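Visitor: pasting the sequence and an experimental structure:
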Amino acid sequence: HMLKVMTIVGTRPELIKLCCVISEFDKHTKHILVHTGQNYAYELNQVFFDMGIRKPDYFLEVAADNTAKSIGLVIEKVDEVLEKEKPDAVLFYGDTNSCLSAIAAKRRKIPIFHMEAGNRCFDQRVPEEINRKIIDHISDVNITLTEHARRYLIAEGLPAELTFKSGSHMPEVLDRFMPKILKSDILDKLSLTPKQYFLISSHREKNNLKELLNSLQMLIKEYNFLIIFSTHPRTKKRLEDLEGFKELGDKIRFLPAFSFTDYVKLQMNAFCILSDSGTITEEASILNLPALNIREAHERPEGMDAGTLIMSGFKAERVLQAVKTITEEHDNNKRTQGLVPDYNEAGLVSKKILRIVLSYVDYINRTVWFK
Amino acid sequence: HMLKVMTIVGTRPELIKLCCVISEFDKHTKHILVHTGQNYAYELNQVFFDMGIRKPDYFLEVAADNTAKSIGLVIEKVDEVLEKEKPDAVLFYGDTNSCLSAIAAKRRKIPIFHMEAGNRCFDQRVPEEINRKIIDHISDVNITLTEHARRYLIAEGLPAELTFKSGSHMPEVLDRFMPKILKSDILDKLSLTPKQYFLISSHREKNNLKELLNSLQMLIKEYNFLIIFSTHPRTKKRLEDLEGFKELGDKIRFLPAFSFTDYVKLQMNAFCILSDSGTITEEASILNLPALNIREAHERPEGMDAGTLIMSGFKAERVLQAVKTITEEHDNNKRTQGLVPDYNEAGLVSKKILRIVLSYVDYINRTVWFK
Amino acid sequence: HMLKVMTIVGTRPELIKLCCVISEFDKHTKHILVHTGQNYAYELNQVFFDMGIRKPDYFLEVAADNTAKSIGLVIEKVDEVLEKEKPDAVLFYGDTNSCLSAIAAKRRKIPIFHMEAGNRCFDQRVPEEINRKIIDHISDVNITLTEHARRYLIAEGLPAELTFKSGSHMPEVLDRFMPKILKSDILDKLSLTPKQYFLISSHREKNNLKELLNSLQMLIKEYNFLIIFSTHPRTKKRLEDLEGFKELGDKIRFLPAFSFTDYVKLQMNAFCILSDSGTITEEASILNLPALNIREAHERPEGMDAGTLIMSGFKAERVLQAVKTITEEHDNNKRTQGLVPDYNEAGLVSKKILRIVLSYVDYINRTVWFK
Amino acid sequence: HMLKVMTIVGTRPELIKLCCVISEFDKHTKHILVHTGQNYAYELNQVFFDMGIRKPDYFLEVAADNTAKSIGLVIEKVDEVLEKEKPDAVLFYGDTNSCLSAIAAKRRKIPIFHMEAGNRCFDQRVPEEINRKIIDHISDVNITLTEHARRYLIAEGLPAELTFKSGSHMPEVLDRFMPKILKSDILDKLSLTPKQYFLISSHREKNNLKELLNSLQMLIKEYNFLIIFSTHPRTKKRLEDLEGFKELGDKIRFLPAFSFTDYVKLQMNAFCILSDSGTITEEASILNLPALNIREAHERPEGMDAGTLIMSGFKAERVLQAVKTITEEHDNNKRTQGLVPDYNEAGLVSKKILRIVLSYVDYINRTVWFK
Amino acid sequence: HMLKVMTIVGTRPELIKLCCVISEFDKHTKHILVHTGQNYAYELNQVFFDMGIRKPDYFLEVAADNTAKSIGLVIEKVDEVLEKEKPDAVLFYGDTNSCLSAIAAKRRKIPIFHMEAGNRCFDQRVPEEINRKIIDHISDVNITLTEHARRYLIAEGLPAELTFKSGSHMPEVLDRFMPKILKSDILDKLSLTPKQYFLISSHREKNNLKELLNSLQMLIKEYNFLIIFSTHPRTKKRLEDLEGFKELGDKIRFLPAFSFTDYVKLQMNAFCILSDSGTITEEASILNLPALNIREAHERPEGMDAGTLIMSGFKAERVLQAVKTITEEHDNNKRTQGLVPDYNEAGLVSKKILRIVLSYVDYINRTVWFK
């Protein structure tokens, strides 16, 4: 007789950060993988993800509109599948809207285990901050990437004995895919010279776009390297409609969606990366990448203890100073700073999460629910 | 030019605890009162509430099913009215499901003010505990009845400078309606003798019903007073289907829904009250009532500092000991214990909430949202 | 069927501070009163205590030697009576050695309720500090005289929801005995003039005795009032063997043990009191007494918020300055400072403790012991 | 002139965890080793311990009955030896009943240093929880195995500046004895095949025994490996009197007491270990053992950060799932998870404790006792 | 366009601990180095410091008198240079009087970054404790050598998100100068035999001098090794005027000021070091030195976790016991204890500080100053 575990996701970054966790749970539990979104969208993106991540057991068909209605629908639709499957435990990674379905799991007294817990940037303009607080304060067990995040949780009155530190999921994920990553021909497909392009990645939600474009312009004047720009369609157009977009010409190139493995190869060969991805601190630490976090607040203070990157924002003056500082003596193949102990020591996170789940389902059922 | 304030409710106890707040906001703001539930249900209950509480501006028609679907619908439906009205601030009282719509208000960067904040019973089997954490941790300003609740909030890392103590809303509400309460003829309508009946009130969510019935039986054997039982239809039937329900006979009487004012008159003349109402500690303190809280956990520790009541649970042995202890020397007209300073000193809460709202909308917009 | 409650004491100050608690528990529970000490000693002191405090059900005959052996004997002897009587709950007041028997009650999973909890002077030379920490950290419920003490307990990680504030026991005790106190003829028996004697009380555990004697000498030179000195035999002799003890002559008089009621009358008529009693802050606040605490650390910071007394120590320079400051404009019958809200508002503590016990035996048995 | 240090123990696990500490203190202080128990019992167990641990200077002859009387006797008897020897400091390891004698050391103002401090499982049914709180809150200096335990102590208001982290004592102890451990012929003496037996160890304090037996039965059906069962005589008999004990037959074998070194060899060659020993997390981490903690709460959360073991409880369903998960790919000689930094980095704990003692005796005497 | 950064120092130990930070900031910012003291004094000491530390841009000519007047002058004089240069950020290391000029920087809303933050010895007799609290509580960003210091800051209510851990500056500094250090001929210049001299260093602020001299005497009797004594002129004379100073004769030698590099060579070859330098714990850990901290309180608790040194004080009895314990088996070339992870893992601190500064100037200007 197996434990039934249900993992609930709604996005590709969740699936990537969970892929080893998913494998481990598939070996040792009756593991139900639930995607809150649309099967059609997932099959249209599956070429790009084709990593050996097996298909989810359910697609709940909630359009990820990021609306109050879509939030209500995730709660209602996840509830139906909880009623049907009656899992012994539920898993959530991070703080996308789909984590709000923890409300339904809690009302049913299903033990909840939350990974990448205790993210705090202390800027409530970041939309994920609403979800963060909610998911951390309703989960029975929280599992953090760092001591910083564990302390943040304890500081908000959460029980230390049910807060664990797994470390980053990314060392195990990267190690799994590194042979494929190294064999990627992405540089040949895009005709790129290693260390002679910028990789810019911006996927977050007017005055600010102009600032970004001016930063891009200034980087071209300064270094005369191509800029590879990875962003959402809505944002590509907005940029294109801007006055002096035509000045960039050959020095800017928008990247279509890429496979994870091609994309890491690209990262590993950039002159410098400018990213608003919530994964940049981990990626830059682990792979010794030259990197700017172009956000104005962030939730990975552990990087700053290590010297991992610079949080530049997206305006030209600080961006230029940051790029000079990072790139002047950087060799990805020589580690001089940026190693984060809580990432570096994470190891087989997949095994850790399963062992936590097995060790605490009964504990939670007794001490929380008095069953 | 007025501030536009939107107050969101879904139940009659919210409306009662807010009735003075509503009046004060009606005088001095553009005040929009939103009820998440069904207009039909509200008009069927309006005879019983007919207190001078003006009608809500909106009925959102979400059936209070207490389901995951109804929670999703409150979030979606409140969002529509936020989009339409664009209030400058939103108010929530307590922690019914309707408070979960604060999620929609937060996503829109509308300042949120929460009354009766920082309720904690530390038993997560109480369904309201899910809502409590959520509403307290997303609100920009929390307003508590007590120092105990203020400390609970600060202990969960919430900002002390945006946590206030109003005191109980009930002294102002009771004072408003006391002339009507005193003139109630409820004792004549039910042919009751003052101090010669039990008033039992149980409105919360099998083995336990039998225990309760045995408690009721034991109280009849011990005191031979009539029992007036106020409960939900679902629960009346369940009780009636029980074996030795027929033994109670003339000594038990189910009460139909009553007006607030009749009901307080009844409270004020009972030999002893047994209640699971979240308001019993306040009512019993303020009106010097002989009372048992029949729950197994509660969120009004301030009562225990004062000697207000006994939390007996619903089983006969502790119930009997508690009733003897409370009633043996109790005179409602002689105060010997049970006065709670944070209730007793609350005064005109209505005025306090408006002054807080006016004093902090701009502060929140600057310090939280950087507007 | 009654709850069986066992109250464990070893000293007269415990019995005095509990006398109303004892009465209330006698009315409503099967109340077993256990004295850890010697029946012979208790009957030799019973003239002086003859307050209507009924006799303890057990005398365990442990000599209060204040030795490691006597501590071991209290633990062993209390255990025997726990085995025999099997109480449903145990009560301890304060932090005498007898509270160390809570160890035996805990090992038997008997709910423990502790009054006058969270005393802290932050000077570990005070012997009671060992006992304080032990009793506060093993009790299931702590009951404090003040908010200060409640905060101290919460600050040491103890559960806020099982920490209550009763207020001082002394307003209820004094009110019970005030008619007898006012009718005392103690001033006539000792031929004293109201406001024309010092009352000095020192009952705690060489260089320091000389300092005290010099203080006494200096007070005689300054005011020429008689000194009434209440202390232990061991200490009377030590003083008498001192060089210039003969200089005091007629201006010092050692008091034999007195009845509580005579002793409060004496307090109420002193020019000024110098005391190391742990009750002086309460007594001086409640009865508006002119007072010095002659200790070097103390555990009643609430007094300092109110202006109750001065902690002078026992050396002449600070003692003299303190006496002038206190007595210059003091009238016991005119309140100008020194009223402590947490004392003043305590009311019928007896009723509070019983209501707490009834409300939390089951809670403790579930949440602590999982019974 | 040497510092006189007195180390107080009552059990074999204390002596084992202290054996290097004892050696280091013997070199550099006047070191008095006190055993609270019976010399006769110690000599009957000395064959099995014959590790080069020199004999204690005192046997106080308190029978380890685990009674309230034996606790009182440890306090009284340790006091006599404190009076006689007048040590400058006292050492305690862990939280056996003998640590309660710290009460006597404190009353004498002897600096107290406590190792393996800040153990918390948050289940007060575990008897050691009474002792834990007492010893941690009376010790002048606490020394922890982990950051988790240091944080638990700070969270209970204890002084951070007098709380240190030594790490686990076990790496140094194991390293000392590893040559003997590796040369053990225990497998030959018991005719065992490496990786083809379960080692079960249960030495803690009816319905639950039956559950355990069913777990044992299920493991035999599943794996058909011999079970080596190490337990107390009281428990061997209880098991034997059970109905279907006869079904196990040849597949269960009770182990007589063993030498430490033989026992670690056995651990290192088991297919899987099921243990309630408080040392299993350390042993399993350090030696890369396949292990279940069969308790229902535990005090080594650091293991869960690392992936060391599973806390299965003792019931068959969770036990079986846990055993499959642990053993499926486990090779003791290939480290894939379970390494705990605070254990792994501990090094020569013995040297650390002596350096702490020398560095803080004067500090404690000044800041605690004002000497 | 560069960021303008102003680093403010007043002493040689600041310059040494900053020398790599200074180089890194010189490469990547407009870096203004301000020395609050006298140019004349600096040029008289420059032979001894002649490390490739470029000359400060300003000497403010405040005599380091350690007076209330000199403190006022540092504040006034630093203000003038802030007005003139208008830096975008200011840097302070440690807690010398010159850090008090942070008051002027704060009043001008200049972001302040503080290194070696959160030093606490909990003995307010240490003069630096005044400065510590002031500088930590006014700085916008604090940067600590350890987790211990980070926790101390968080415990005083400071923002965790603006507190970072760089680790010790000393591994990078030592690594920079190790080739020169190893080539030093200091042993030949002083005719010393490796491991056959004591190095004593005492530079902090009568009864105590005599105690120290007796310690020195006792060490000569015990080991018959030469004592090299490094101290201030004021202190050399005081010692010399002491009675039995003449007994030491050939076995004591006062060292003139030395170059940093010669001095580390000397450290690395001493039999044992006795030091009150605030750097001894770092030096002794990193270089595996035999060492006593001769102070009575200290601020490097991380050492005690590792077994780095003994805090002996300066009196003979504890000093002798400490020296025996440290030196008996010590080989600088064999690491057996004393390695501190937060020091050992520090790496290129210089790079960390610059990355923090670039990452937080805008954050501070928004969230602190609302610019």
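Guide: Looks like it came in fine. Residues are numbered from 1 along each chain as shown, chains lettered A, B, ... in the order given.

Visitor: in the stretch 1-150 of chain A, which spans are strands?
Guide: With DSSP state E, counting those that start in this stretch as the criterion, the stretch 1-150 of chain A has strands at A:4-9, A:30-35, A:58-59, A:89-93, A:112-115, A:141-144.

Visitor: who in the stretch 1-150 of chain A is up against chain D?
Guide: Contact residues (C-beta under 8 Å from any C-beta of the partner chain) of the stretch 1-150 of chain A with chain D: A:1, A:2, A:3, A:27, A:28, A:29. C-beta here means a position set from N, CA and C on the backbone, and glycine is covered the same way.

Visitor: and for the second one, the neighbour number?
Guide: Okay, so that is residue A:2. Under the neighbour criterion other C-beta atoms under 10 Å in any protein chain shown, residue A:2 is assigned a count of 13.

Visitor: okay if I get the strands of the stretch 1-150 of chain A as JSON lines plus mean neighbour count and distance to chain E?
Guide: JSON lines is the format used below for the strands of the stretch 1-150 of chain A (neighbours: other C-beta atoms under 10 Å in any protein chain shown; distance: least, C-beta to the nearest C-beta, whole Å):
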{"stretch": "strand A:4-9", "mean neighbour count": "24", "distance to chain E": "28"}
{"stretch": "strand A:30-35", "mean neighbour count": "21", "distance to chain E": "33"}
{"stretch": "strand A:58-59", "mean neighbour count": "18", "distance to chain E": "38"}
{"stretch": "strand A:89-93", "mean neighbour count": "27", "distance to chain E": "23"}
{"stretch": "strand A:112-115", "mean neighbour count": "24", "distance to chain E": "20"}
{"stretch": "strand A:141-144", "mean neighbour count": "26", "distance to chain E": "14"}
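
Visitor: want to throw these into JSON lines with distance to residue E:368?
Guide: Shown next, in JSON lines, are the strands of the stretch 1-150 of chain A (distance: least, C-beta to C-beta, whole Å):
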{"stretch": "strand A:4-9", "distance to residue E:368": "38"}
{"stretch": "strand A:30-35", "distance to residue E:368": "42"}
{"stretch": "strand A:58-59", "distance to residue E:368": "47"}
{"stretch": "strand A:89-93", "distance to residue E:368": "33"}
{"stretch": "strand A:112-115", "distance to residue E:368": "32"}
{"stretch": "strand A:141-144", "distance to residue E:368": "27"}
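
Visitor: how far is the host helix or strand of residue A:261 from where the chain is centred?
Guide: Per DSSP states H and E: residue A:261 is located in helix A:260-269. Between the centre of helix A:260-269 and the centre of its chain there are 15 Å (C-alpha atoms, centre = their mean, to the nearest Å).

Visitor: in CSV, list the C-alpha atoms belonging to that helix.
Guide: Only the C-alpha atoms of helix A:260-269 are listed here, as CSV (Å, rounded to 0.1, in the frame of the first residue of the first chain):
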residue,chain,number,x,y,z
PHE,A,260,15.9,24.5,-21.4
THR,A,261,19.1,22.7,-22.4
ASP,A,262,19.8,25.1,-25.4
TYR,A,263,19.1,28.0,-23.1
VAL,A,264,21.5,27.0,-20.4
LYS,A,265,24.3,26.5,-23.1
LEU,A,266,23.5,30.1,-24.2
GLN,A,267,23.8,31.3,-20.6
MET,A,268,27.1,29.6,-20.1
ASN,A,269,28.6,31.3,-23.2
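
Visitor: what's next to whichever strand or helix holds residue A:200, contact-wise?
Guide: Residue A:200 is located in strand A:197-202, with elements delineated by DSSP H and E. Outside strand A:197-202, the residues within contact range by C-beta atoms under 8 Å, 6 or more residues apart in numbering or on different chains are A:212, A:216, A:219, A:223, A:225-231, A:235, A:266-267, A:270-277, A:280, A:294.

Visitor: each with direction, which strands does that strand pair with?
Guide: strand A:226-231 (parallel), strand A:272-275 (parallel) (DSSP bridges).

Visitor: walk me through the domains of chain A.
Guide: A:1-185+A:343-371, A:186-342 (curated CATH domains).

Visitor: let's have those in CSV, adding distance to residue B:60.
Guide: Shown next, in CSV, are the domains of chain A (distance: least, C-beta to C-beta, whole Å):
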stretch, distance to residue B:60
domain A:1-185+A:343-371, 12
domain A:186-342, 28
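
Visitor: deepest of the ones you listed, which one?
Guide: Each of those was scored by mean neighbour count; the highest is domain A:1-185+A:343-371, a mean of 20, by mean count of other C-beta atoms under 10 Å in any protein chain shown.

Visitor: and the end-to-end length of stretch A:198-218?
Guide: Stretch A:198-218 has an end-to-end distance of 13 Å (C-alpha to C-alpha, to the nearest Å).

Visitor: likewise for stretch A:153-164?
Guide: Across stretch A:153-164, the terminal residues are separated by 10 Å (C-alpha to C-alpha).

Visitor: look up how far residue D:215 lies from the residue of the stretch 1-150 of chain A found nearest chain D.
Guide: Of all residues in the stretch 1-150 of chain A, residue A:28 sits closest to chain D, at 4.8 Å by C-beta to the nearest C-beta. According to C-beta to C-beta, to the nearest Å, residue A:28 stands 18 Å off from residue D:215.

Visitor: where do the helices sit along the stretch 201-350 of chain A?
Guide: A:207-223, A:233-240, A:260-269, A:280-286, A:302-306, A:316-327, A:341-344, A:349-367 (DSSP state H, counting those that start in this stretch).

Visitor: and the angle for the first one with helix A:316-327?
Guide: Using axes from the mean of the first three to the mean of the last three C-alpha atoms, to 10 degrees, one finds that helix A:207-223 and helix A:316-327 are set 50 degrees apart in direction.

Visitor: quick one: contacts of helix A:207-223?
Guide: Contacts with helix A:207-223, where a contact means C-beta under 8 Å, 6+ apart, come from A:198, A:200, A:202, A:225, A:227, A:229, A:235, A:238-239, A:242, A:244-245, A:247-248, A:251-252, A:271, A:294, A:314-316, A:319-320, A:323.

Visitor: ok, now which ones touch residue A:227?
Guide: Counting by C-beta under 8 Å, 6+ apart, residue A:227 touches A:197, A:198, A:200, A:216, A:219, A:220, A:248, A:251, A:252, A:253.

Visitor: separation between the third one and residue E:43?
Guide: Going from residue A:200 to residue E:43 by C-beta to C-beta gives 50 Å.

Visitor: give me the distance from stretch A:25-34 to the chain's centre.
Guide: How far stretch A:25-34 lies from its chain's middle: 22 Å, per C-alpha atoms, centre = their mean.

Visitor: residue A:311 and residue D:341, how far apart?
Guide: For residue A:311, the distance to residue D:341 equals 28 Å [C-beta to C-beta].

Visitor: and if you look at residue A:181?
Guide: Separation of residue A:181 from residue D:341 (C-beta to C-beta): 28 Å.

Visitor: residues of chain A that sit close to chain C?
Guide: So chain A meets chain C at A:366, A:370 (C-beta under 8 Å from any C-beta).

Visitor: and residue A:80, what does it touch?
Guide: Contacts of residue A:80 by C-beta under 8 Å, 6+ apart: none found.

Visitor: isn't residue A:336 up against residue E:350?
Guide: No. Contact between residue A:336 and residue E:350 fails when scored by C-beta atoms under 8 Å: they sit 10.6 Å apart.

Visitor: check contacts around residue A:169.
Guide: Applying C-beta under 8 Å, 6+ apart to residue A:169 gives the contacts A:17, A:18, A:20, A:21, A:93, A:115, A:116, A:145, A:346, A:349.

Visitor: apply 6 Å and report the result again.
Guide: Residue A:169 makes contact with A:17, A:349, according to C-beta atoms under 6 Å, 6 or more residues apart in numbering or on different chains.

Visitor: return the backbone torsion pair for it.
Guide: phi -80, psi -10 (degrees, to the nearest 10).

Visitor: could you do residue A:38 as well?
Guide: phi -100, psi 130.
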